[PDB]
Amino acid sequence: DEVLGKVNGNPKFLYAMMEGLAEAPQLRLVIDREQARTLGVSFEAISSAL
Amino acid sequence: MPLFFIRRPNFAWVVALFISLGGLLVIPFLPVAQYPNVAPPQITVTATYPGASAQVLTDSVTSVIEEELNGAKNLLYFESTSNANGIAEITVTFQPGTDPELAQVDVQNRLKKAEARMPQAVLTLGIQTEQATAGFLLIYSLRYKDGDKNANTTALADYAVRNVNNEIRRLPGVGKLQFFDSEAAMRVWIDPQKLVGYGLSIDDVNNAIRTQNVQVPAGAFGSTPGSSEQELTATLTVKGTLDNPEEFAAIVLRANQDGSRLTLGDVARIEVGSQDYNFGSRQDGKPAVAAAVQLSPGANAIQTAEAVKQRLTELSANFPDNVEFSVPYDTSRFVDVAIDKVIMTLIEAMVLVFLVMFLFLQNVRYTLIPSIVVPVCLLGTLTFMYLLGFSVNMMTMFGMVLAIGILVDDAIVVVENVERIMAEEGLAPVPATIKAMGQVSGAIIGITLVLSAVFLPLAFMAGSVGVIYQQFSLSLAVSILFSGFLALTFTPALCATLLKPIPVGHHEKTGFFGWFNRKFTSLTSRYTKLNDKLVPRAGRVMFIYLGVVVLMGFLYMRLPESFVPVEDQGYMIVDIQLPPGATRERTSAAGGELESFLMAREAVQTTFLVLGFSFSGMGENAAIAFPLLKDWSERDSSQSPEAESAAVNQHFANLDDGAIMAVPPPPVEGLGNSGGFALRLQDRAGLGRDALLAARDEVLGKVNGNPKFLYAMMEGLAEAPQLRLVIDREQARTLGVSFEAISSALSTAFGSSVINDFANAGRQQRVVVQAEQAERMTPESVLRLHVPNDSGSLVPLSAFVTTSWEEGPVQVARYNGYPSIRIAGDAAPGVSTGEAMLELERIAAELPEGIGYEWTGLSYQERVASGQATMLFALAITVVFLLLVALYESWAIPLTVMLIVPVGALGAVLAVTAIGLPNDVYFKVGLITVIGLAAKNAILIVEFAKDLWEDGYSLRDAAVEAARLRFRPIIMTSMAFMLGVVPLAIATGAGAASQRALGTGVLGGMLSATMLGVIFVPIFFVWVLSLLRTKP
Amino acid sequence: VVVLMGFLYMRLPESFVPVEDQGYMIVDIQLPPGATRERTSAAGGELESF
Amino acid sequence: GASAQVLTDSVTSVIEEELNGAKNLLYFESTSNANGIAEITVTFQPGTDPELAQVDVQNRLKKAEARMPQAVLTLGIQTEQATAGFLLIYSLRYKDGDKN
Amino acid sequence: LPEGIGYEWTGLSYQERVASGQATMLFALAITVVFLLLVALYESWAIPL
Ligand SMILES: c1ccc2c(CN3CCNCC3)cccc2c1
């Protein structure tokens, strides 16, 4: 963003833009490994199922 | 053709300036290196089988790859060695001059064909093929300033891999970075006693690690094919792998419904450490790391070395303050010193030829011409050398320094002949040039062709000698080709242009110059009378000449042969081998004492020590040291590497823990681990390991007792006691114990098992599981291990395994597919290597039938060289004869001139025998260029002799006059070449052995070819034209 | 004349290769982060209609 | 189904790091997308035969193969020539223009 | 930019860089070679100038 602000505000170029995908919201899955294990759930089962 | 240029000087000027401009525009792409790829192209296979014995790895992995790599195009041989550390080494060697890329890809193709058979452990660890020998530019090292012993080399190695190695491998010119150490890895040090307490087996901990430390490709909700309604796809990014030891210690081994859990840390100590602990490196008593940087093909060395050093110093700014970098070894410093000295010799030889040029002609303008025509030839030499893809290495710089002499003669004779005509007839410069060049041009073409074809054959031979002679001879030949072209076209124009008229009759002179003119006139007249005195007695001079050729033969056959003189490379080899079964700590103590003593030696600037590696073989008992010597300028002869090696061997002769041996490095890199002879004792019939070792002691008894050899030792690891585990399979099974459980438990507890991938902040390293240091130090610890039965209890190992000791191979060596012993050594001082090879063949003939013997590397190439030299000489002689009969329109005149070369050979042989140097390659090429000069001399006499004797002069009068008017340039060029190559023979420092072997041989041979040739050649002329009764 | 030549030679903007009319164009369809394929298909539908 | 960062540090990182030092490299670009496709482009100096480039890159992918996940391996890694004299593109489409 | 952030050119920019680098001494070598051929042909220097 530093370089893009310094560039797009500079009239020496038509444009500058990330030829690349912008950051996106993600959904982290907080797996209590201990809780899942105590219920008898292997991490292998969760990983395979997901 | 020269007259064309005499009438049009600008044409010749432009052609010469053209070739010069080409030369100048070709240097910026010059490849430089120590030596060319003289060593054969070697590919080396590295297969890792953690915790597998030498024999297991031998018959499980390396045997299969060896089977697959047979019949590959361009094989020369292949060596394999399987060490107890679990690393297999297979070195496939090809004929020199074969492109290493094609060798590499073919070896990879055959490795793939083999890949289906190696165990899962090797495959998951990966098989690596690379190029063990190449232009390894340098080695750069990192070490701790404080010299703390407790320094964690793994943190240093991780810093080097993350920050340093990538930058250097990114640099231009470097074709491969060889990091010579391990990589970080979460270590899982399990305690089998805790596993016993918790009713857990090692497979349980492995499977917990395997399923709980796995990345999770969860995906993203709202993914294609998506509903026409939903519009918010997003990633699921589950965390699956573990980053730090704390997370790994939280791997749940067994959790109850109540809430109680068993985490990995409760049974194992978790830390980040080396993936592999086979090898350790030390630099000057401090734990250090190092990497081998190798030069890409067809690239400058000095520029690449400077780029690496500048990059590394720039990185040293971001370095941790406790760590410091240094570059102990650099192969570009030798080349920088070499070219800077050779340039100095070139300038100082130009000044010498200028000085004697002006001493003879006593006028600067006459002297100028060669000083301009010579570097033009040198620039053309560079352009053509680059065009064929040769490299600017020491051997081409000797091509330079001993070309300068044979090149300078063209200009010397041309300008000196034009002066002789200018003085004796006094014409204007142009018509005098016409006359002299008309006399000399056919002879000059004969020269150019005959020396072209005298070093053409030296370019035909194969082997490492093949490469040396290739470069050195072809540099010489291109030099003489352009020198002849200039003498035909450009230099005559130079005479027609730059020369100034002299007054008629101005032979009276003021000062010591007039003394010189008078004294040389007296010498020329005296020599004229001398010829007039011997030419009647030609049959009698036959007896002296035959004595000369017989003496040449006598000391030539009395001259010990050699491949290449050993050069002071500034480093030594010291081998650290302890008794069989030695732990790394004993080796570290031995290395500590060795490195301390090397500190006490002032001849050593820095000592680099390797633990676990030695050219004999890799193992815990084995280690190697590479002391670095100070620069030659800061050292004297008393601190030469050989003297320092003797000092160390005498010092550590009474070492109480193992053996320390100091061996000077082999002369040619990549042709072996030490100089001398390399012999593989095969068993072409399968007599068995014990029988092969029996033959080994047989041959070593028969050899070490023979005074023909300095020493001979098994370049390999001695047999070590082994602990065979007698597992009652039936008993273990009845208790409910599967063999799978025992095998898995042993492999994981003692051999360490790589479970899965540790995602260490972007690097995929491998979590390793191994038993605790205290729980695997003794044989009883093997018994204390437990394995699970079918009923869920844990069965101690000692319930069904009894340990019985026996003896086995810690290293197995195979050659061309058969089991072999690698025996190596050096001959006694003052004894030829060929005689030692013959003695070894004789002794090996006494071996029991079925035991084969095979030479390898240096010995094999010495063999092919000695084979090829003879018909090389023969082809050279027959071709020079044929060209001579072509040019001279006769047969008698060709034999007349060919009578000259024994005198040059005699001079070279007597000089080298007086100084005692062997019959190395450098002396051989010095001899051939001396022969070339003598042939040039002989033509320079005899073409004018023939010209006179076709003009009506009497045979004796024609010969004597020809010698009289060719005497001056003869001694002229002789003295120029003298003082041009005198620095070569007196050379000291880097590469000095090669330069001295040149200088002494060339100086002696050319000394005889002048002092004896100038007298004998007219005698030969009159004899041959008399006895054969030749007619004009 | 030679000075004039130099003066507008150094005043001449450099270029690699002039852009040729290749008969095709590039149009990029990038939606906000986390966009399902269906939104992109609707955008492409409107683009292709135009 | 592997995220951008997972594919980044699990597959494309290993191949990327291992292909360094290859003969005639001019640079190499890598991009890892959430779709689960890793994209690595290795560019060589013009005038080098792309047959030798292709074979060397395949030989290096071979050294990399030992580390990729089982999913990628069973699905397979593919190396080709993204830029070449692509003569044309030919297409098949439905006349009726049915969306379904 | 803050120290540690490196910049690099790729593809078209890299080629434009090397082209702009080579143009000058290419022109120079062309001029010197034509001069040399011209002095060869004309048996003079003044005529080549
Ligand atoms: C100092 C340190 C290493 C040196 C090497 C490396 N060696 C080959 C590869 N295996 C390790 C040993 C060769 C030659 C001179 C050296 C000098």
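From the set of residues in the range B:518-560 that are of a type in the set (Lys, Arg) and part of a helix (DSSP H, G or I), which is farthest from residue B:917 (Cα to Cα)? Before you say what the answer is, go through the steps one by one.
Of all residues in the range B:518-560, those of a type in the set (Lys, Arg) come to B:518-519, B:526, B:529, B:533, B:537, B:540, B:558.
From the residues that got through so far, the ones that are part of a helix (DSSP H, G or I) too are B:518-519, B:526, B:529, B:533, B:540.
Values: B:518: 41, B:519: 38, B:526: 37, B:529: 39, B:533: 38, B:540: 34 Å.
My answer is B:518.
Going by the structure shown, is residue B:298 outside any helix (DSSP H, G or I), more than 16 Å from the ligand (Cβ to nearest atom), over 27 Å from the mean Cα position of the chain (by Cα) and at positive phi? Quick ask: steps written out before the conclusion?
Details: outside any helix (DSSP H, G or I): yes; more than 16 Å from the ligand (Cβ to nearest atom): yes; over 27 Å from the mean Cα position of the chain (by Cα): no; at positive phi: yes.
No, not satisfied.
Can you name every residue in the range B:463-476 that is surrounded by 24 or more Cβ atoms within 10 Å (Cβ to Cβ) and among the aliphatic types (A, V, I, L, M)?
Of everything in the range B:463-476, those that are surrounded by 24 or more Cβ atoms within 10 Å (Cβ to Cβ) and among the aliphatic types (A, V, I, L, M) turn out to be B:465, B:468, B:476.
Go through the range C:16-50 residue by residue and tally those that are under 27 Å from residue E:16 (Cβ atoms) and among the charged types (D, E, K, R).
3
Quick one: is residue D:12 within 30 Å of residue B:114 (Cβ to Cβ) and surrounded by 13 or more Cβ atoms within 10 Å (Cβ to Cβ)? Outline the logic, then answer.
Working: within 30 Å of residue B:114 (Cβ to Cβ): yes; surrounded by 13 or more Cβ atoms within 10 Å (Cβ to Cβ): yes.
Considered against the rule, which asks whether it is within 30 Å of residue B:114 (Cβ to Cβ) and surrounded by 13 or more Cβ atoms within 10 Å (Cβ to Cβ), residue D:12 comes out as yes.
Considering B:676, B:670, B:686, B:658, which residue is on the phi > 0 side of the Ramachandran plot, touching a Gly at 6+ places or on another chain (Cβ under 8 Å) and crowded, with 17+ Cβ neighbours inside 10 Å? Break it down into steps so the answer makes sense when it comes.
On the way: B:670 fails: touching a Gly at 6+ places or on another chain (Cβ under 8 Å); B:686 fails: crowded, with 17+ Cβ neighbours inside 10 Å; B:658 fails: touching a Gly at 6+ places or on another chain (Cβ under 8 Å).
Only one candidate passes the filter, namely B:676.
Given the condition on the phi > 0 side of the Ramachandran plot and either within 16 Å of the ligand (Cβ to nearest atom) or acidic (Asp, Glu) (or both), answer yes or no: does some residue in the range B:212-222 qualify? Outline the logic, then answer.
Filtering the range B:212-222 down to residues on the phi > 0 side of the Ramachandran plot leaves B:219, B:222.
Filter once more, keeping what is either within 16 Å of the ligand (Cβ to nearest atom) or acidic (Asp, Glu) (or both): none.
No: zero hits.
Only one residue in B:431, B:492 is free of Cβ contacts under 8 Å to residues at least 24 places away in the same chain, more than 30 Å from residue B:996 (Cα to Cα) and in a helix (DSSP H, G or I). Which one?
Numbers: B:492 fails: free of Cβ contacts under 8 Å to residues at least 24 places away in the same chain.
None of the other options fit; the residue is B:431.
In the set B:551, B:546, B:451, B:499, which member is in contact (Cβ under 8 Å) with a residue 40 or more places away in the chain and surrounded by fewer than 20 Cβ atoms within 10 Å (Cβ to Cβ)?
Only one candidate qualifies: B:551.
The conditions are (1) within 13 Å of chain D (Cβ to nearest Cβ); (2) away from the ligand (no atom under 16 Å from the Cβ); (3) of a type outside the set (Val, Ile, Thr), and residue B:175 fails exactly one of them. Which is it?
Unmet for residue B:175, out of (1) within 13 Å of chain D (Cβ to nearest Cβ); (2) away from the ligand (no atom under 16 Å from the Cβ); (3) of a type outside the set (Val, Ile, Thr): (2).
Residue-wise test of (1) within 15 Å of the ligand (Cβ to nearest atom); (2) more than 30 Å from residue B:853 (Cα to Cα); (3) among the hydroxyl-bearing types (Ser, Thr, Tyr).
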| site | (1), (2), (3) |
| --- | --- |
| B:632 | no, yes, no |
| B:636 | no, yes, no |
| B:653 | no, yes, no |
| B:659 | no, no, no |
| B:669 | yes, no, no |
| B:701 | no, no, no |
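How about the range B:578-612: which of its residues are within 14 Å of the ligand (Cβ to nearest atom) and touching a helix residue (DSSP H, G or I) at 6+ places or on another chain (Cβ under 6 Å)?
B:604, B:607, B:609, B:611
Quickly run through the range B:205-225 and pick out the residues that are buried (at least 17 other Cβ atoms within 10 Å of the Cβ) and more than 14 Å from chain D (Cβ to nearest Cβ).
Passing the criteria: B:205, B:206, B:208, B:209, B:212.
Collect the residues in the range B:613-630 that are within 14 Å of the ligand (Cβ to nearest atom) and either within 22 Å of residue B:141 (Cα to Cα) or within 14 Å of chain D (Cβ to nearest Cβ) (or both), keeping them in residue-number order.
Taking the range B:613-630 as the starting set, the residues that turn out to be within 14 Å of the ligand (Cβ to nearest atom) are B:613-618, B:622-629.
Of everything in the range B:613-630, those that are within 14 Å of the ligand (Cβ to nearest atom) and either within 22 Å of residue B:141 (Cα to Cα) or within 14 Å of chain D (Cβ to nearest Cβ) (or both) turn out to be B:613, B:614, B:615, B:618, B:622, B:623, B:624, B:625, B:626, B:627, B:628, B:629.
Answer with yes or no whether residue B:340 is away from the ligand (no atom under 16 Å from the Cβ), surrounded by fewer than 19 Cβ atoms within 10 Å (Cβ to Cβ), away from every other protein chain (no Cβ under 14 Å) and in a helix (DSSP H, G or I).
For residue B:340, the condition - away from the ligand (no atom under 16 Å from the Cβ), surrounded by fewer than 19 Cβ atoms within 10 Å (Cβ to Cβ), away from every other protein chain (no Cβ under 14 Å) and in a helix (DSSP H, G or I) - is met.
Here is a yes/no grid of residues against (1) in contact with a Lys or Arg (Cβ under 9 Å, 6 or more places away or on another chain); (2) surrounded by fewer than 17 Cβ atoms within 10 Å (Cβ to Cβ); (3) without any contact (Cβ under 8 Å) to a residue 60 or more places away in the chain; (4) within 14 Å of chain D (Cβ to nearest Cβ):
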{"residue": "B:195", "(1), (2), (3), (4)": "no, no, no, no"}
{"residue": "B:200", "(1), (2), (3), (4)": "yes, no, no, no"}
{"residue": "B:227", "(1), (2), (3), (4)": "no, yes, yes, no"}
{"residue": "B:252", "(1), (2), (3), (4)": "yes, no, yes, no"}
{"residue": "B:262", "(1), (2), (3), (4)": "yes, no, no, no"}
{"residue": "B:271", "(1), (2), (3), (4)": "yes, yes, no, no"}
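Take the residues in the range B:162-172 that are touching a residue at least 12 places away in the same chain (Cβ under 8 Å) and in contact with a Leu (Cβ under 7 Å, 6 or more places away or on another chain), then tell me which one is farthest from the other protein chains (Cβ to nearest Cβ).
By that ranking, first place goes to B:164.
Which residues, taken from the range B:120-161, are within 11 Å of chain D (Cβ to nearest Cβ) and either within 31 Å of the chain's Cα centre (by Cα) or not in a helix (DSSP H, G or I) (or both)?
Hits for the range B:120-161 are B:126, B:127, B:128, B:129, B:130, B:161.
For the range B:94-102, state whether one or more residues are acidic (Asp, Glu) and outside any loop (DSSP other than H, G, I, E, B).
Residues of the range B:94-102 acidic (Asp, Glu): B:99, B:101.
Next cut, outside any loop (DSSP other than H, G, I, E, B) only: B:101.
Looking through the range B:94-102, at least one residue is acidic (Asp, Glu) and outside any loop (DSSP other than H, G, I, E, B).
Consider only pairs whose beta carbons are under 8 Å apart and that are at least six residues apart or on different chains; among these, list those whose first residue lies in the range B:121-150 and is within 14 Å of residue B:284 (Cβ to Cβ) and more than 11 Å from the ligand (Cβ to nearest atom) and whose second residue is of a type in the set (A, V, I, L, M) and part of a loop (DSSP other than H, G, I, E, B).
Sorted first by the residue in the range B:121-150, then by its partner, the pairs are B:144/B:151.
Read-outs: derived from the displayed coordinates by stated rules, not from any lab. With ideal geometry, Cβ positions are generated from the backbone for all residues, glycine too; neighbour counts draw on all protein chains shown.
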